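K.L.:
Structure in structure tokens, see below.
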Amino acid sequence: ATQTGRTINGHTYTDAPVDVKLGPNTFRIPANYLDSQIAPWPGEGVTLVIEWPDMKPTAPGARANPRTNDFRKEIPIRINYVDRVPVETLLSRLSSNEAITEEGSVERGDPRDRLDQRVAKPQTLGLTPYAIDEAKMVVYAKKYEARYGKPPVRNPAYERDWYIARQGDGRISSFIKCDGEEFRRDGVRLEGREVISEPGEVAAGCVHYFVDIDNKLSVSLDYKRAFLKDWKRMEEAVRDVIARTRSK
Ligand SMILES: [Br-]
Ligand SMILES: [Br-]
Ligand SMILES: [Br-]
Ligand SMILES: [Br-]
Ligand SMILES: [Br-]
Ligand SMILES: [Br-]
Ligand SMILES: [Br-]
Ligand SMILES: [Br-]
Ligand SMILES: [Br-]
Ligand SMILES: [Br-]
Ligand SMILES: [Br-]
Ligand SMILES: [Cl-]
Ligand SMILES: [Cl-]
Ligand SMILES: [Cl-]
Ligand SMILES: [Cl-]
């Protein structure tokens, strides 16, 4: 309860901790982490926000309208208690197509949405890029056309670049999908602490997944592809929050 921001519509914004339930655990999260900067929205899970480049929360109340922070620096963080699926296999199930294709359908053989049909690329930023295998699309498009009378649609929005990081035993520990350079340009540029946008350009986006197996949490970040180089500091900032705020 140390720091104080504006008072708007009667509410004085502070960084005082707020009790947040995720499964059976209670996390005492400084209010200014929260998307609302007051209390969790109704529903399961919570949304936090951190700010590029130092992965610190928005100053208390600075996101409240009229905002005083720079919205282009925000990185929204959806944290969920995982109780509908196994947390230990979540990242492998997101990177395949068992859920979005029917058992034994032509679409279950789609190489685009299965990690085990994509092609590993050379490491960069500690990530293994995984690319679409156009040779497998030829075979797929044949059985798809012969069975529907139509060649399959190559919609660039659903042909994202994928990135994988792994633990020593091979388990997936990070999974990131980004708009391809064919779908979207970066739409912003960075030098130092500040990000200024390119108008008429839609910023390329990534979604970035990881889990906390011990707390049974999934974490989903949505951020501009221009921020991708700092993916590890983002994980580090969120895992520190999770570690520090959990009520022992
Ligand atoms: Br919230
Ligand atoms: Br609501
Ligand atoms: Br302020
Ligand atoms: Br779930
Ligand atoms: Br390599
Ligand atoms: Br997709
Ligand atoms: Br895995
Ligand atoms: Br993990
Ligand atoms: Br922007
Ligand atoms: Br998405
Ligand atoms: Br904290
Ligand atoms: Cl509280
Ligand atoms: Cl919950
Ligand atoms: Cl590899
Ligand atoms: Cl490995």
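Letters A, B, ... go to the chains of the structure tokens in the order shown; residues in each chain start at 1; ligands are counted from 1 in the same order.
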Can you list, as a list in words, every protein, DNA or RNA residue that comes within 7 Å of segment 226-238 of chain A when you count only C-alpha atoms, leaving out same-chain residues fewer than 5 positions away?
P.N.:
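My list of contacting residues is residues 55, 125 and 186 of chain A.
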K.L.:
For the residues in the current selection, export C-alpha atoms as a PDB file, in the first residue's frame.
P.N.:
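So the final result, stored in result-v5.pdb, reads:
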```pdb
ATOM      1  CA  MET A  55       8.370  -5.615 -17.737  1.00  0.00           C
ATOM      2  CA  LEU A 125      16.856 -15.844 -29.314  1.00  0.00           C
ATOM      3  CA  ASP A 186       5.925  -4.802 -37.561  1.00  0.00           C
TER       4      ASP A 186
END
```
K.L.:
Step one, run DSSP on the backbone; step two, keep only residues of segment 38-197 of chain A assigned to alpha helix (DSSP H); then write them as a ChimeraX atom specification.
P.N.:
/A:90-94,134-148
K.L.:
Report the residues of segment 35-197 of chain A whose backbone DSSP state falls under strand (DSSP E or B), written as JSON, numbers by chain.
P.N.:
{"A": [46, 47, 48, 49, 50, 51, 56, 57, 74, 75, 76, 77, 78, 79, 80, 81, 119, 120, 124, 127, 128, 129, 130, 131, 161, 162, 163, 164, 165, 166, 172, 173, 174, 175, 176, 177, 178, 188, 189, 190, 191, 194, 195, 196, 197]}
K.L.:
Given the choices A:158, A:33, A:163, A:52, which gets closest to ligand 1 if the distance is worked out from only C-alpha atoms and all ligand atoms?
P.N.:
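That would be A:33, the residue with the smallest distance to ligand 1.
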K.L.:
Looking at only C-alpha atoms and all ligand atoms, which of A:128, A:202, A:197, A:180 is the one that sits closest to ligand 14?
P.N.:
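Looking at the shortest contact to ligand 14, the residue is A:128.
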K.L.:
Calculate how many Å separate atom CA of residue 31 of chain A from atom CA of residue 224 of chain A, rounding to one decimal.
P.N.:
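So the two atoms, atom CA of residue 31 of chain A and atom CA of residue 224 of chain A, lie 24.3 Å apart.
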K.L.:
Would you write out, as a Markdown table, a table of all residues in segment 97-213 of chain A that have an atom no more than 10 Å from an atom of segment 60-84 of chain A, listing for each the closest atom pair and the distance in Å to one decimal, considering only C-alpha atoms and ordering rows by chain and rising residue number?
P.N.:
```
| residue | atom | partner | partner_atom | distance |
| --- | --- | --- | --- | --- |
| A:188 | CA | A:72 | CA | 9.0 |
| A:193 | CA | A:73 | CA | 9.2 |
| A:194 | CA | A:73 | CA | 8.2 |
| A:195 | CA | A:72 | CA | 7.0 |
| A:196 | CA | A:72 | CA | 8.0 |
| A:197 | CA | A:72 | CA | 8.2 |
| A:208 | CA | A:77 | CA | 9.5 |
| A:209 | CA | A:78 | CA | 9.7 |
| A:210 | CA | A:79 | CA | 9.9 |
| A:211 | CA | A:82 | CA | 9.1 |
| A:212 | CA | A:81 | CA | 9.6 |
| A:213 | CA | A:82 | CA | 9.2 |
```
K.L.:
Using the selection just defined, write its residues with C-alpha atoms as a compact mmCIF listing (two decimals), in the first residue's frame.
P.N.:
```txt
# COMPACT_ATOMS: atom_id res chain seq x y z
CA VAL A 188 6.09 -0.01 -34.93
CA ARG A 193 12.59 2.78 -24.11
CA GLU A 194 10.19 4.30 -26.62
CA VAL A 195 7.95 2.75 -29.27
CA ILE A 196 6.39 4.92 -31.96
CA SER A 197 3.95 3.49 -34.44
CA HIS A 208 2.91 -16.57 -26.35
CA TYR A 209 2.05 -19.53 -24.10
CA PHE A 210 3.69 -21.07 -21.06
CA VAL A 211 2.58 -22.89 -17.91
CA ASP A 212 3.31 -23.11 -14.19
CA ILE A 213 2.88 -26.82 -13.59
```
K.L.:
Find the spatial neighbours of segment 113-124 of chain A, counting only C-alpha atoms, within a cut-off of 7 Å - ignore same-chain residues fewer than 6 positions away - and output them as a list in words.
P.N.:
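Near neighbours after the sequence-gap exclusion: residues 95, 96, 97, 130, 131, 132 and 133 of chain A.
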K.L.:
Please identify the residues whose atoms come within 9 Å of ligand 12, using only C-alpha atoms and all ligand atoms, and report them as a ChimeraX atom specification.
P.N.:
/A:16-20,28-29,31,39
K.L.:
Could you name the residues that touch segment 143-154 of chain A at 10 Å or less, counting only C-alpha atoms, but leaving out those on the same chain fewer than 3 positions away, as a PyMOL selection string?
P.N.:
chain A and resi 105-107+109-110+112+137-140+157-159
K.L.:
Please save N, CA and C atoms of the selected residues as a CSV table (one decimal), in the first residue's frame.
P.N.:
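Output saved as out.csv:
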```
chain,number,residue,atom,x,y,z
A,105,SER,N,-10.7,-37.3,-40.1
A,105,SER,CA,-11.1,-36.4,-41.2
A,105,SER,C,-9.9,-36.1,-42.1
A,106,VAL,N,-10.1,-35.6,-43.3
A,106,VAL,CA,-9.0,-35.1,-44.1
A,106,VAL,C,-8.3,-34.0,-43.4
A,107,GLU,N,-9.0,-33.2,-42.6
A,107,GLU,CA,-8.3,-32.0,-42.0
A,107,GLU,C,-7.4,-32.4,-40.9
A,109,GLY,N,-5.1,-34.4,-41.1
A,109,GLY,CA,-3.8,-34.5,-41.7
A,109,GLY,C,-3.2,-33.2,-42.1
A,110,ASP,N,-3.9,-32.1,-41.8
A,110,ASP,CA,-3.3,-30.8,-42.2
A,110,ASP,C,-2.0,-30.6,-41.5
A,112,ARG,N,-0.3,-27.9,-41.4
A,112,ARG,CA,0.0,-26.5,-40.9
A,112,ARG,C,-0.2,-26.4,-39.4
A,137,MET,N,2.1,-29.9,-47.8
A,137,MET,CA,0.9,-29.3,-48.3
A,137,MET,C,0.4,-29.8,-49.6
A,138,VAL,N,1.4,-30.1,-50.5
A,138,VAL,CA,1.1,-30.7,-51.8
A,138,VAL,C,0.3,-32.0,-51.6
A,139,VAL,N,0.9,-32.9,-50.8
A,139,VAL,CA,0.2,-34.2,-50.5
A,139,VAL,C,-1.2,-33.9,-49.9
A,140,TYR,N,-1.2,-33.0,-48.9
A,140,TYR,CA,-2.5,-32.7,-48.3
A,140,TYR,C,-3.5,-32.1,-49.3
A,157,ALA,N,-3.4,-15.6,-42.4
A,157,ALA,CA,-3.7,-15.3,-41.0
A,157,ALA,C,-3.6,-16.6,-40.1
A,158,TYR,N,-3.9,-17.7,-40.8
A,158,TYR,CA,-3.8,-19.0,-40.1
A,158,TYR,C,-2.5,-19.8,-40.5
A,159,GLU,N,-1.5,-19.2,-41.0
A,159,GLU,CA,-0.2,-19.8,-41.3
A,159,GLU,C,0.8,-18.9,-40.6
```
K.L.:
Expressed in Å to a single decimal, how great is the separation between atom CA of residue 92 of chain A and atom CA of residue 166 of chain A?
P.N.:
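If I compute the distance from atom CA of residue 92 of chain A to atom CA of residue 166 of chain A, I get 10.9 Å.
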K.L.:
For each of A:104, A:199, A:129, A:45, take the minimum atom-to-atom distance to residue 178 of chain A, counting only C-alpha atoms, then give the residue where this is smallest.
P.N.:
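Of the candidates, the smallest distance to residue 178 of chain A is held by A:129.
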